[PDB]
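Since the structure comes first, as structure tokens, the remarks are kept for the end.
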Amino acid sequence: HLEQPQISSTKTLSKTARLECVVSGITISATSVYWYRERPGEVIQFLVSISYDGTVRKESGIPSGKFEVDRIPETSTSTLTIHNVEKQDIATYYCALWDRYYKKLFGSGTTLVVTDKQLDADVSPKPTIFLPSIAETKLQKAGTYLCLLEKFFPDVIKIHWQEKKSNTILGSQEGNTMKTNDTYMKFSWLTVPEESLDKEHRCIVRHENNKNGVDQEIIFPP
Amino acid sequence: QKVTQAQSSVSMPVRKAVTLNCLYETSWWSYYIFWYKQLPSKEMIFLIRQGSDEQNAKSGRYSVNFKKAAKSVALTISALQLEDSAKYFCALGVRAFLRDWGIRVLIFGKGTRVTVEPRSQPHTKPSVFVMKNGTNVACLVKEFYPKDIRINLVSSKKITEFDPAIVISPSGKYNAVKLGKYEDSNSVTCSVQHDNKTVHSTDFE
Amino acid sequence: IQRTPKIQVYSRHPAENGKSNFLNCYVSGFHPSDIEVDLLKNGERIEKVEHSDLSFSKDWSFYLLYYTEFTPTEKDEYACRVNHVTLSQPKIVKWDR
Amino acid sequence: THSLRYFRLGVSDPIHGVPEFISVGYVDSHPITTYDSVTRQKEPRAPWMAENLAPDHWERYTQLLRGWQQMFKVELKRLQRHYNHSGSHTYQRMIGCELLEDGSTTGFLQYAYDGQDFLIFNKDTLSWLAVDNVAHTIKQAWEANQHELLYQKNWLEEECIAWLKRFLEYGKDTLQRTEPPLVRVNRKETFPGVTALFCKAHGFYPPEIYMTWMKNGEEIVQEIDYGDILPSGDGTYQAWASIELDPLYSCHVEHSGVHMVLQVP
Ligand SMILES: *[C@@H](C)/C=N/c1c(NC[C@H](O)[C@H](O)[C@H](O)CO)[nH]c(=O)[nH]c1=O
Ligand SMILES: *[C@@H]1O[C@H](CO)[C@@H](O)[C@H](O)[C@H]1NC(C)=O
């Protein structure tokens, strides 16, 4: 199993940036890690590969001294370092490893954002609570709670609708990431039946610029 | 070594079958063909594997019609579902018999976008509901067939109106929610145009 | 549907003038089975040429192998005449050192 | 990976290339069984096949093959009755298994008309796959006899795996990797002037081999041209890989669990 903790990484023009990829089960010292780039409206292409012994390999069309790969045995994670980042590097990066013993596993994916100047504003997603009317909760006997997120630039977002006990509920429904002035805004909702109408549902949103570093939590009363 | 995918976007109804023709150009004697399903949430998932000297692979709902001389790897789905709406990838790999040392590189393709439209279902009456918080007001529509709906909201003074994104409900119909910023808080009415009938917000109230 | 044969002329061991080797005329990817193969030596066909049995392949096509002990030389030129239904003209593939 | 496949040929009218019915069995790449319409008897093709098997086994399958030869003539006349084709044509059959090195089971049965997929069998659904309207009539004719189709499914699952595992034990000269390749790099030219690095490897067994070219420490993607794994004639195989030279190039070989490295002199 492969998992990339970073969902998005916003880096300033012509600067160094590190991308995370953590392994599960098998150790990095025994296997080889591969790195891929998924360009918008293009093909998924290979970048760099680090062998189990320690040797590094690349692809035709990569300059000498642009990408760096390291796998620490203490932490058991693979990291890709991108030097002198340009506009042509804006893509969803994936880390790969060969499964037992035919298929090839792939990471969650990390989209790269490149800007001219540094972010001089709070790009944290602003939460807005939306409670349904009495007419929908009484006649249909099913409530519909909506969550409104705005004032965020990386645009790479993940919306989860749970309960008091952390478990992903089927039927979560979301729209599209709308572009306003220079920032972005996205909305999502959940329709729960009479069985879980008394249960207090909680909505969790994953983003790079979340408060205190940890994931953002939004509470909805029943 | 290159993988070509002519199909860019394919629209197919539920329960039916869909064939995705993939072409490849390579030189090795022994090789593998990998098919991947990339979810809109950036989730890459393995589906099936096809060997050069191997017989046409079948992994449940997924089956590949392998043409060796023609160099075609067409993947056919037995029965279509709701969760099938994702981007499909066609990959090319080598057949080596040693440790996985950094050389086993997959040659991917352009990709094929699949948008599964709902199956032949009867017409359902649309129910309009409303919700608000300060300046932003949202209107919800549930259980209606087909996608043809002219949803509108009447306001005294409007600042910005956002386009409504339509999503498929697991019940067997469509679901649409529209919102925007308004100066008025206690005066909001909606009129819809679906199945030649108009339903107001006061009908349920 | 008809299939044309893929003729491949080579040697069992690496080329060296003096030491005895085996001449191989490997045909593959042909349909139907009826074929006429004759190993040539400076234009003249060799009287005694040993051959493998008509082998079957997974793609419904057939493949054969013709072998005979020969002494390679810089002056002498070798080839093999192949005659099939698809070949309107009996294709002659020249062997390269 | 190990495999056991049995083939059947059915030529309508014979010419200089006699006979009409030929049935040859294979274990991975080597022939094991031999049967022809000239001499209606099951003959061995491998030295290890002649031994370890009683004369009763050879005699039992002879009468079975004599019956399948008679069935093939009936299927040929039926094909000439349905289709408008009349003269000299080919009717093929292929039954086989692929026992994987991990322990995965894969069974298959196929019928062909003039080197084209006529009817393909599906064991999970217990029904045939028709290619067109003409193939649909024979599909219905075979689908009627339920117990006949169930025998084909039962044979591919338990009997076929047991037959292949018995032959692999009988042939030690199949499991052996006692034949390493001879990788030698040679500079070749076709027309003046052209330069190419030919990484020629010969005298290897099993035919399963991997070759690649590496520039300093990077594989030459979408440039390397590959040859064919050809039989030498003395139970060994040969293969090559060429790359266009320009003013470090290393050839990498993978055979018998040994990684061979060759630097350009
Ligand atoms: C001797 C072992 C030769 N057998 C042979 C077979 N055997 C497989 C199987 O018994 C047969 O195909 C049945 O008809 C399946 O229902 N098949 C073949 O084509 N040729 C042979 O020489
Ligand atoms: C309205 O939204 C704000 C956040 O913007 C929240 O603090 C408040 O509780 C919400 N009120 C209701 C009734 O949803």
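Going by Swiss-Prot, the residues shown for chain C are 21-117, listed in order.
Determined via X-ray crystallography, 3.3 Å.
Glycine residues also receive a Cβ, built from the backbone N, Cα and C atoms like all the rest.
Taken from Swiss-Prot, the feature glycation site covers C:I21, C:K39, C:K61, C:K68, C:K78, C:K111, C:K114, and the record attributes it to experimental evidence. Taken from Swiss-Prot, the feature pyrrolidone carboxylic acid applies to C:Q22. Taken from Swiss-Prot, the feature domain 'Ig-like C1-type' applies to C:25-113. Marked as disulfide bond by Swiss-Prot: C:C45-C:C100.
Shown on the structure are the features that Swiss-Prot records.
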residue: C:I21; record: glycation site; DSSP class: coil
residue: C:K39; record: glycation site; DSSP class: coil
residue: C:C45; record: disulfide bond; DSSP class: strand
residue: C:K61; record: glycation site; DSSP class: strand
residue: C:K68; record: glycation site; DSSP class: coil
residue: C:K78; record: glycation site; DSSP class: coil
residue: C:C100; record: disulfide bond; DSSP class: strand
residue: C:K111; record: glycation site; DSSP class: coil
In the chain carrying C:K111 (glycation site), residues 6 or more apart in sequence that have Cβ under 8 angstroms from it: C:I27, C:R101, C:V102
Chain-internal residues near C:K61 (glycation site), provided their CB is under 8 angstroms and they sit 6+ positions away: C:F90, C:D96, C:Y98
Cα proximity to C:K68 (glycation site), best match among recorded positions C:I21, C:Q22, C:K78, C:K114: C:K114
Among C:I21, C:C45 [recorded positions], residue with fewest other Cβ within 10 Å: C:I21
Listed recorded positions among C:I21, C:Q22, C:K78, C:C100 whose Cα sits within 10 Å of C:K114 (glycation site): C:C100
Separation of alpha carbons, C:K78 (glycation site) and C:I21 (glycation site) (Å): 16
Most Cβ neighbours inside 10 Å, all chains, among the glycosylation sites C:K78, C:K114: C:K78
Among C:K39, C:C45, C:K78, C:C100, which are recorded as recorded positions, the nearest neighbour of the residue listed as 'pyrrolidone carboxylic acid' by Cα: C:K78
C:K61, C:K68, C:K114: the glycosylation sites whose Cβ falls under 8 Å from a chain D Cβ: none
C:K78 (glycation site) versus recorded positions C:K39, C:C45, C:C100 - nearest by Cα: C:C45
